[PDB]
file query.txt (compact mmCIF, C-alpha atoms and all ligand atoms)
# COMPACT_ATOMS: atom_id res chain seq x y z
CA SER A 2 82.44 91.99 76.74
CA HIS A 3 83.42 95.24 78.48
CA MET A 4 81.21 96.99 81.01
CA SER A 5 82.00 100.17 82.94
CA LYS A 6 83.45 99.79 86.46
CA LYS A 7 84.93 102.97 87.95
CA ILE A 8 87.73 103.21 90.50
CA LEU A 9 89.08 106.28 92.30
CA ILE A 10 92.59 106.13 93.77
CA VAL A 11 93.21 108.56 96.67
CA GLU A 12 96.99 108.60 97.00
CA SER A 13 99.64 111.26 97.20
CA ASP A 14 102.32 108.79 96.11
CA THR A 15 101.67 109.66 92.46
CA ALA A 16 104.26 107.21 91.12
CA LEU A 17 102.37 104.40 92.82
CA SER A 18 98.97 105.74 91.76
CA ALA A 19 100.15 105.83 88.13
CA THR A 20 101.34 102.23 88.39
CA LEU A 21 98.07 101.08 89.92
CA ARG A 22 96.00 103.12 87.48
CA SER A 23 97.71 101.51 84.50
CA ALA A 24 97.37 98.01 85.93
CA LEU A 25 93.66 98.48 86.67
CA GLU A 26 93.02 100.04 83.24
CA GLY A 27 94.70 96.95 81.73
CA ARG A 28 91.78 94.87 83.00
CA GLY A 29 89.22 97.34 81.65
CA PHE A 30 88.51 99.50 84.70
CA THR A 31 87.88 103.22 84.31
CA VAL A 32 90.26 104.85 86.77
CA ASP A 33 90.74 108.31 88.21
CA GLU A 34 93.20 109.48 90.83
CA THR A 35 93.54 112.36 93.28
CA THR A 36 96.12 113.62 95.75
CA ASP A 37 93.41 115.74 97.45
CA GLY A 38 92.73 113.71 100.63
CA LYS A 39 90.90 116.67 102.17
CA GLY A 40 88.45 116.78 99.27
CA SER A 41 88.21 113.01 98.79
CA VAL A 42 84.94 112.28 100.63
CA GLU A 43 83.16 114.97 98.61
CA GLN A 44 84.84 113.85 95.38
CA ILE A 45 83.51 110.31 96.01
CA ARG A 46 80.07 111.83 96.60
CA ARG A 47 80.28 113.72 93.27
CA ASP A 48 81.91 111.11 91.09
CA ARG A 49 80.35 107.94 92.52
CA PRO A 50 83.14 105.45 91.86
CA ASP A 51 82.28 101.75 92.19
CA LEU A 52 85.41 101.24 94.37
CA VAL A 53 87.98 103.42 96.09
CA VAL A 54 91.67 102.62 96.69
CA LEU A 55 92.71 104.77 99.68
CA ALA A 56 96.19 105.27 101.12
CA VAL A 57 96.79 105.58 104.85
CA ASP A 58 99.55 108.17 104.88
CA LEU A 59 98.48 111.12 102.73
CA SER A 60 100.03 114.52 102.20
CA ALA A 61 99.10 117.64 104.22
CA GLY A 62 98.33 115.67 107.37
CA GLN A 63 95.44 113.73 105.79
CA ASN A 64 94.93 110.17 106.91
CA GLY A 65 93.15 107.33 105.15
CA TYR A 66 91.84 105.79 108.36
CA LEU A 67 90.09 109.08 109.17
CA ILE A 68 88.77 109.39 105.61
CA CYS A 69 87.49 105.81 105.55
CA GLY A 70 85.88 106.41 108.94
CA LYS A 71 83.98 109.35 107.47
CA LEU A 72 82.91 107.37 104.41
CA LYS A 73 81.61 104.48 106.52
CA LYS A 74 79.58 106.79 108.79
CA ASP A 75 77.98 108.57 105.81
CA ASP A 76 74.69 106.87 105.09
CA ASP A 77 74.91 107.60 101.37
CA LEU A 78 78.62 106.63 100.89
CA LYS A 79 79.09 103.75 103.30
CA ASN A 80 78.27 101.12 100.65
CA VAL A 81 81.16 102.12 98.36
CA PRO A 82 83.82 99.37 98.70
CA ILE A 83 87.13 100.72 100.08
CA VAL A 84 90.54 99.05 99.74
CA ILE A 85 93.06 100.62 102.09
CA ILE A 86 96.72 100.48 101.10
CA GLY A 87 99.53 101.37 103.46
CA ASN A 88 101.86 100.32 106.18
CA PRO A 89 100.09 97.12 107.40
CA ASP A 90 100.76 97.60 111.09
CA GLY A 91 97.40 99.27 111.75
CA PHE A 92 95.12 97.01 109.66
CA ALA A 93 94.02 94.66 112.45
CA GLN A 94 93.10 97.56 114.73
CA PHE A 95 91.12 99.16 111.91
CA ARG A 96 89.16 95.95 111.35
CA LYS A 97 88.14 96.01 115.03
CA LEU A 98 86.60 99.47 114.71
CA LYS A 99 83.01 99.65 113.42
CA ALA A 100 83.82 102.10 110.63
CA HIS A 101 86.47 100.35 108.56
CA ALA A 102 87.57 99.29 105.10
CA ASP A 103 86.44 96.37 102.99
CA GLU A 104 89.91 95.10 102.10
CA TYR A 105 93.56 95.88 102.79
CA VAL A 106 96.79 95.62 100.82
CA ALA A 107 100.13 96.16 102.52
CA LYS A 108 102.68 98.58 101.13
CA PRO A 109 104.88 97.90 99.29
CA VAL A 110 101.90 97.10 97.06
CA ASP A 111 102.26 94.69 94.16
CA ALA A 112 99.99 96.01 91.43
CA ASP A 113 98.69 92.37 90.84
CA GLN A 114 97.40 91.91 94.40
CA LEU A 115 95.74 95.29 94.21
CA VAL A 116 94.08 94.43 90.86
CA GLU A 117 93.07 91.03 92.30
CA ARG A 118 91.46 92.64 95.33
CA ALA A 119 89.55 95.16 93.21
CA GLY A 120 88.23 92.43 90.93
CA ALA A 121 87.15 90.33 93.91
CA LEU A 122 85.11 93.23 95.34
CA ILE A 123 83.29 94.46 92.26
CA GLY A 124 84.09 91.93 89.52
CA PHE A 125 86.20 92.62 86.53
CA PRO A 126 84.74 94.76 83.84
CA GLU A 127 85.48 92.47 80.83
CL CL B 1 100.36 104.96 102.86
call {"tool": "encode", "arguments": {"input": "query.txt", "output": "structure tokens", "more": "lines below"}}
Ligand SMILES: [Cl-]
result
Amino acid sequence: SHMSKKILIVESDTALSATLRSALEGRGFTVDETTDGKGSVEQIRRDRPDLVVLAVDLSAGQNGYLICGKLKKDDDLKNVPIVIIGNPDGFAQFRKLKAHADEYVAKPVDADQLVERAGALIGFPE
């Protein structure tokens, strides 16, 4: 009963992104990943994932709160669901801002909670 549902993981912890990618693929999602936080907004514009998993603390001084802020202010990208993963200390503050994520999963992330959250936002694919 499979139907295509695409996820992009923006994460420079590539061990974690591999773990999450495998877990999501196990439920039938089509999954890509990138370490390129700087390019991520434009990659989302190009590739049009159905959901993005976005880390807070990215390489090269990139920051998932800033990236999500940009996505949510972009009239053509602000409807893409975003799950932020990271140190949970900042999540409540982010929720109070106008431009914020759709869901949050604390690091250390359990791949099951992340898969659960993705499925609850866009449905499973099969
Ligand atoms: Cl992080």
call {"tool": "atom_distance", "arguments": {"input": "query.txt", "atom1": "CA of residue 10 in chain A", "atom2": "CA of residue 60 in chain A"}}
result
14.0 Å
call {"tool": "residues_near_ligand", "arguments": {"input": "query.txt", "ligand": "ligand CL 1 (chain B)", "cutoff": "6 Å", "atoms": "all atoms listed in the file", "output": "PyMOL selection string"}}
result
chain A and resi 56-58+87-88
call {"tool": "write_last_selection", "arguments": {"input": "query.txt", "atoms": "C-alpha atoms", "output": "CSV table (one decimal), in the coordinates of the input"}}
result
chain,number,residue,atom,x,y,z
A,56,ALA,CA,96.2,105.3,101.1
A,57,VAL,CA,96.8,105.6,104.8
A,58,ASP,CA,99.6,108.2,104.9
A,87,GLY,CA,99.5,101.4,103.5
A,88,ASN,CA,101.9,100.3,106.2
call {"tool": "closest_residue", "arguments": {"input": "query.txt", "among": "A:108, A:39, A:79, A:49", "to": "residue 6 in chain A", "atoms": "only C-alpha atoms"}}
result
A:49
call {"tool": "residues_around", "arguments": {"input": "query.txt", "residues": "residue 75 in chain A", "least_positions_apart": "3", "cutoff": "12 Å", "atoms": "all atoms listed in the file", "output": "PyMOL selection string"}}
result
chain A and resi 42-43+45-46+68-72+78-81+100
call {"tool": "closest_residue", "arguments": {"input": "query.txt", "among": "A:86, A:17, A:61, A:25", "to": "residue 37 in chain A", "atoms": "all atoms listed in the file"}}
result
A:61
